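Structure, as structure tokens:
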Amino acid sequence: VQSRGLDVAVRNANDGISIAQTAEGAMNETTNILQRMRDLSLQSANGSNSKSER
Amino acid sequence: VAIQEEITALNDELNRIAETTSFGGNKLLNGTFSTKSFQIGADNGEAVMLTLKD
């Protein structure tokens with residue numbers, strides 16, 4: 001009983017790390033987009049930019 | 001009188017330079033640039049104030 005159960009346990013864990021792996025991957029793109037927004041934001045702050053540029 | 005003609009023309013030119021000099025379309029010496037802040041910083045609130053006058 002324990003041996004068979006241990007196998008199922010491992011599988012469940014692997015699936016767990018899978019969900020986390022997939023989720024983490026999305027967050028990776030999320031940050032990159034956020035960072036670009038920050039850089040664009042700094043550029044907008046510069047007084048040189050006109051309302052059109054903003 | 002003739003010298004005044006030259007003075008008249010040159011004061012017009014001064015006025016012109018003042019209401020024409022622009023950067024990409026943002027006028028500079030007309031008296032509208034006033035004060036602007038250039039971020040010059042990797043984080044918020046690190047800008048410096050440039051004040052152009054008429």
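By order of appearance in the structure tokens: chains A, B, ..., then residues from 1 within every chain, and ligands from 1 in the order shown.
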
Once DSSP has gone over the backbone, tell me which residues of chain A are in helix (DSSP H, G or I), as a PDB file with N, CA and C atoms, in the first residue's frame.
```pdb
ATOM      1  N   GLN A   2       1.898   1.252   0.889  1.00  0.00           N
ATOM      2  CA  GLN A   2       2.782   2.439   0.990  1.00  0.00           C
ATOM      3  C   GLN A   2       3.499   2.628  -0.346  1.00  0.00           C
ATOM      4  N   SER A   3       4.100   1.568  -0.887  1.00  0.00           N
ATOM      5  CA  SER A   3       4.890   1.724  -2.135  1.00  0.00           C
ATOM      6  C   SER A   3       4.012   2.327  -3.233  1.00  0.00           C
ATOM      7  N   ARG A   4       2.852   1.725  -3.491  1.00  0.00           N
ATOM      8  CA  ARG A   4       1.997   2.222  -4.597  1.00  0.00           C
ATOM      9  C   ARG A   4       1.660   3.680  -4.295  1.00  0.00           C
ATOM     10  N   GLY A   5       1.287   3.967  -3.048  1.00  0.00           N
ATOM     11  CA  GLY A   5       0.919   5.341  -2.667  1.00  0.00           C
ATOM     12  C   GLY A   5       2.074   6.297  -2.880  1.00  0.00           C
ATOM     13  N   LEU A   6       3.290   5.859  -2.549  1.00  0.00           N
ATOM     14  CA  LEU A   6       4.474   6.743  -2.679  1.00  0.00           C
ATOM     15  C   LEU A   6       4.592   7.169  -4.143  1.00  0.00           C
ATOM     16  N   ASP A   7       4.397   6.223  -5.062  1.00  0.00           N
ATOM     17  CA  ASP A   7       4.480   6.548  -6.506  1.00  0.00           C
ATOM     18  C   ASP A   7       3.461   7.648  -6.813  1.00  0.00           C
ATOM     19  N   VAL A   8       2.203   7.438  -6.421  1.00  0.00           N
ATOM     20  CA  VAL A   8       1.140   8.443  -6.707  1.00  0.00           C
ATOM     21  C   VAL A   8       1.596   9.773  -6.112  1.00  0.00           C
ATOM     22  N   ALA A   9       2.164   9.727  -4.909  1.00  0.00           N
ATOM     23  CA  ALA A   9       2.602  10.968  -4.237  1.00  0.00           C
ATOM     24  C   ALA A   9       3.601  11.698  -5.131  1.00  0.00           C
ATOM     25  N   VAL A  10       4.619  10.981  -5.606  1.00  0.00           N
ATOM     26  CA  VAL A  10       5.663  11.614  -6.462  1.00  0.00           C
ATOM     27  C   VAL A  10       4.961  12.281  -7.646  1.00  0.00           C
ATOM     28  N   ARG A  11       4.098  11.536  -8.336  1.00  0.00           N
ATOM     29  CA  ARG A  11       3.396  12.084  -9.522  1.00  0.00           C
ATOM     30  C   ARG A  11       2.704  13.383  -9.119  1.00  0.00           C
ATOM     31  N   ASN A  12       1.958  13.350  -8.017  1.00  0.00           N
ATOM     32  CA  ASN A  12       1.209  14.554  -7.587  1.00  0.00           C
ATOM     33  C   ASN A  12       2.207  15.695  -7.385  1.00  0.00           C
ATOM     34  N   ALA A  13       3.344  15.404  -6.760  1.00  0.00           N
ATOM     35  CA  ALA A  13       4.336  16.465  -6.495  1.00  0.00           C
ATOM     36  C   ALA A  13       4.813  17.027  -7.831  1.00  0.00           C
ATOM     37  N   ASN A  14       5.163  16.140  -8.760  1.00  0.00           N
ATOM     38  CA  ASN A  14       5.693  16.587 -10.069  1.00  0.00           C
ATOM     39  C   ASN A  14       4.656  17.509 -10.709  1.00  0.00           C
ATOM     40  N   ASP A  15       3.384  17.116 -10.653  1.00  0.00           N
ATOM     41  CA  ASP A  15       2.310  17.972 -11.212  1.00  0.00           C
ATOM     42  C   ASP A  15       2.307  19.303 -10.458  1.00  0.00           C
ATOM     43  N   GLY A  16       2.492  19.250  -9.140  1.00  0.00           N
ATOM     44  CA  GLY A  16       2.574  20.498  -8.364  1.00  0.00           C
ATOM     45  C   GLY A  16       3.649  21.395  -8.942  1.00  0.00           C
ATOM     46  N   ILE A  17       4.882  20.889  -9.014  1.00  0.00           N
ATOM     47  CA  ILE A  17       6.002  21.738  -9.507  1.00  0.00           C
ATOM     48  C   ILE A  17       5.632  22.218 -10.915  1.00  0.00           C
ATOM     49  N   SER A  18       4.853  21.418 -11.647  1.00  0.00           N
ATOM     50  CA  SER A  18       4.440  21.817 -13.017  1.00  0.00           C
ATOM     51  C   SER A  18       3.593  23.087 -12.941  1.00  0.00           C
ATOM     52  N   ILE A  19       2.531  23.063 -12.136  1.00  0.00           N
ATOM     53  CA  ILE A  19       1.654  24.259 -12.001  1.00  0.00           C
ATOM     54  C   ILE A  19       2.546  25.453 -11.664  1.00  0.00           C
ATOM     55  N   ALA A  20       3.399  25.306 -10.650  1.00  0.00           N
ATOM     56  CA  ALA A  20       4.252  26.431 -10.216  1.00  0.00           C
ATOM     57  C   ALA A  20       5.166  26.852 -11.370  1.00  0.00           C
ATOM     58  N   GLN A  21       5.757  25.882 -12.069  1.00  0.00           N
ATOM     59  CA  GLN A  21       6.661  26.199 -13.203  1.00  0.00           C
ATOM     60  C   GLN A  21       5.895  27.048 -14.217  1.00  0.00           C
ATOM     61  N   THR A  22       4.734  26.561 -14.656  1.00  0.00           N
ATOM     62  CA  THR A  22       3.942  27.305 -15.664  1.00  0.00           C
ATOM     63  C   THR A  22       3.659  28.701 -15.112  1.00  0.00           C
ATOM     64  N   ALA A  23       3.088  28.776 -13.910  1.00  0.00           N
ATOM     65  CA  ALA A  23       2.721  30.088 -13.330  1.00  0.00           C
ATOM     66  C   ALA A  23       3.947  31.003 -13.317  1.00  0.00           C
ATOM     67  N   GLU A  24       5.081  30.495 -12.833  1.00  0.00           N
ATOM     68  CA  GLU A  24       6.289  31.351 -12.715  1.00  0.00           C
ATOM     69  C   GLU A  24       6.650  31.894 -14.100  1.00  0.00           C
ATOM     70  N   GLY A  25       6.534  31.056 -15.132  1.00  0.00           N
ATOM     71  CA  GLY A  25       6.895  31.493 -16.493  1.00  0.00           C
ATOM     72  C   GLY A  25       6.092  32.714 -16.894  1.00  0.00           C
ATOM     73  N   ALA A  26       4.788  32.691 -16.620  1.00  0.00           N
ATOM     74  CA  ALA A  26       3.922  33.838 -16.960  1.00  0.00           C
ATOM     75  C   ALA A  26       4.435  35.075 -16.223  1.00  0.00           C
ATOM     76  N   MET A  27       4.723  34.926 -14.931  1.00  0.00           N
ATOM     77  CA  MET A  27       5.206  36.077 -14.127  1.00  0.00           C
ATOM     78  C   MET A  27       6.443  36.659 -14.811  1.00  0.00           C
ATOM     79  N   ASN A  28       7.272  35.798 -15.406  1.00  0.00           N
ATOM     80  CA  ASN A  28       8.529  36.279 -16.032  1.00  0.00           C
ATOM     81  C   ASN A  28       8.184  37.278 -17.140  1.00  0.00           C
ATOM     82  N   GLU A  29       7.235  36.936 -18.012  1.00  0.00           N
ATOM     83  CA  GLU A  29       6.822  37.919 -19.047  1.00  0.00           C
ATOM     84  C   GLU A  29       6.191  39.128 -18.351  1.00  0.00           C
ATOM     85  N   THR A  30       5.386  38.880 -17.318  1.00  0.00           N
ATOM     86  CA  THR A  30       4.688  39.990 -16.623  1.00  0.00           C
ATOM     87  C   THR A  30       5.715  41.045 -16.213  1.00  0.00           C
ATOM     88  N   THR A  31       6.807  40.627 -15.570  1.00  0.00           N
ATOM     89  CA  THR A  31       7.779  41.634 -15.066  1.00  0.00           C
ATOM     90  C   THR A  31       8.391  42.373 -16.259  1.00  0.00           C
ATOM     91  N   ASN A  32       8.822  41.637 -17.283  1.00  0.00           N
ATOM     92  CA  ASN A  32       9.484  42.305 -18.433  1.00  0.00           C
ATOM     93  C   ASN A  32       8.588  43.444 -18.921  1.00  0.00           C
ATOM     94  N   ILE A  33       7.294  43.169 -19.088  1.00  0.00           N
ATOM     95  CA  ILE A  33       6.347  44.206 -19.584  1.00  0.00           C
ATOM     96  C   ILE A  33       6.341  45.345 -18.567  1.00  0.00           C
ATOM     97  N   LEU A  34       6.207  45.014 -17.284  1.00  0.00           N
ATOM     98  CA  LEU A  34       6.176  46.060 -16.231  1.00  0.00           C
ATOM     99  C   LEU A  34       7.434  46.921 -16.357  1.00  0.00           C
ATOM    100  N   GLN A  35       8.599  46.288 -16.501  1.00  0.00           N
ATOM    101  CA  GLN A  35       9.870  47.054 -16.526  1.00  0.00           C
ATOM    102  C   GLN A  35       9.820  48.050 -17.685  1.00  0.00           C
ATOM    103  N   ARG A  36       9.414  47.594 -18.868  1.00  0.00           N
ATOM    104  CA  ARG A  36       9.392  48.493 -20.049  1.00  0.00           C
ATOM    105  C   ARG A  36       8.487  49.676 -19.718  1.00  0.00           C
ATOM    106  N   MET A  37       7.361  49.407 -19.058  1.00  0.00           N
ATOM    107  CA  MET A  37       6.402  50.484 -18.713  1.00  0.00           C
ATOM    108  C   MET A  37       7.128  51.511 -17.846  1.00  0.00           C
ATOM    109  N   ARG A  38       7.982  51.042 -16.935  1.00  0.00           N
ATOM    110  CA  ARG A  38       8.740  51.954 -16.039  1.00  0.00           C
ATOM    111  C   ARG A  38       9.679  52.820 -16.877  1.00  0.00           C
ATOM    112  N   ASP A  39      10.410  52.202 -17.804  1.00  0.00           N
ATOM    113  CA  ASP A  39      11.383  52.956 -18.636  1.00  0.00           C
ATOM    114  C   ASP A  39      10.621  53.981 -19.472  1.00  0.00           C
ATOM    115  N   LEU A  40       9.545  53.550 -20.126  1.00  0.00           N
ATOM    116  CA  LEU A  40       8.713  54.501 -20.897  1.00  0.00           C
ATOM    117  C   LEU A  40       8.280  55.612 -19.943  1.00  0.00           C
ATOM    118  N   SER A  41       7.898  55.247 -18.719  1.00  0.00           N
ATOM    119  CA  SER A  41       7.391  56.257 -17.757  1.00  0.00           C
ATOM    120  C   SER A  41       8.467  57.307 -17.476  1.00  0.00           C
ATOM    121  N   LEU A  42       9.699  56.868 -17.229  1.00  0.00           N
ATOM    122  CA  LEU A  42      10.803  57.828 -16.987  1.00  0.00           C
ATOM    123  C   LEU A  42      10.918  58.751 -18.202  1.00  0.00           C
ATOM    124  N   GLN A  43      10.871  58.187 -19.408  1.00  0.00           N
ATOM    125  CA  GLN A  43      11.058  59.019 -20.623  1.00  0.00           C
ATOM    126  C   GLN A  43       9.953  60.076 -20.659  1.00  0.00           C
ATOM    127  N   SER A  44       8.727  59.691 -20.307  1.00  0.00           N
ATOM    128  CA  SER A  44       7.592  60.645 -20.349  1.00  0.00           C
ATOM    129  C   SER A  44       7.853  61.786 -19.366  1.00  0.00           C
ATOM    130  N   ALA A  45       8.454  61.479 -18.219  1.00  0.00           N
ATOM    131  CA  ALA A  45       8.684  62.508 -17.180  1.00  0.00           C
ATOM    132  C   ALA A  45       9.600  63.614 -17.711  1.00  0.00           C
TER     133      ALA A  45
END
```

Sort by chain and increasing residue number a table of all residues of chain B within 6 Å of chain A, each with its closest pair of atoms and their distance in Å to one decimal, counting only C-alpha atoms, and write it as a Markdown table.
```
| residue | atom | partner | partner_atom | distance |
| --- | --- | --- | --- | --- |
| B:36 | CA | A:47 | CA | 5.2 |
| B:37 | CA | A:47 | CA | 5.2 |
| B:38 | CA | A:46 | CA | 4.5 |
| B:39 | CA | A:46 | CA | 5.3 |
```

Atoms to include: C-alpha atoms. Write the selected residues as a short mmCIF file (atom, residue, chain, number, x, y, z; two decimals), in the first residue's frame.
```
data_model
loop_
_atom_site.label_atom_id
_atom_site.label_comp_id
_atom_site.auth_asym_id
_atom_site.auth_seq_id
_atom_site.Cartn_x
_atom_site.Cartn_y
_atom_site.Cartn_z
CA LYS B 36 10.55 72.19 -16.72
CA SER B 37 11.97 69.16 -14.84
CA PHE B 38 14.41 66.70 -16.51
CA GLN B 39 14.34 63.32 -14.64
#
```

inquiry  = To one decimal place in Å, what is the distance between atom CA of residue 16 of chain B and atom CA of residue 35 of chain B?
reply    =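 Atom CA of residue 35 of chain B lies 21.5 Å from atom CA of residue 16 of chain B.
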
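Pairwise distance (atom CA of residue 21 of chain B, atom CA of residue 47 of chain B) equals 24.3 Å.
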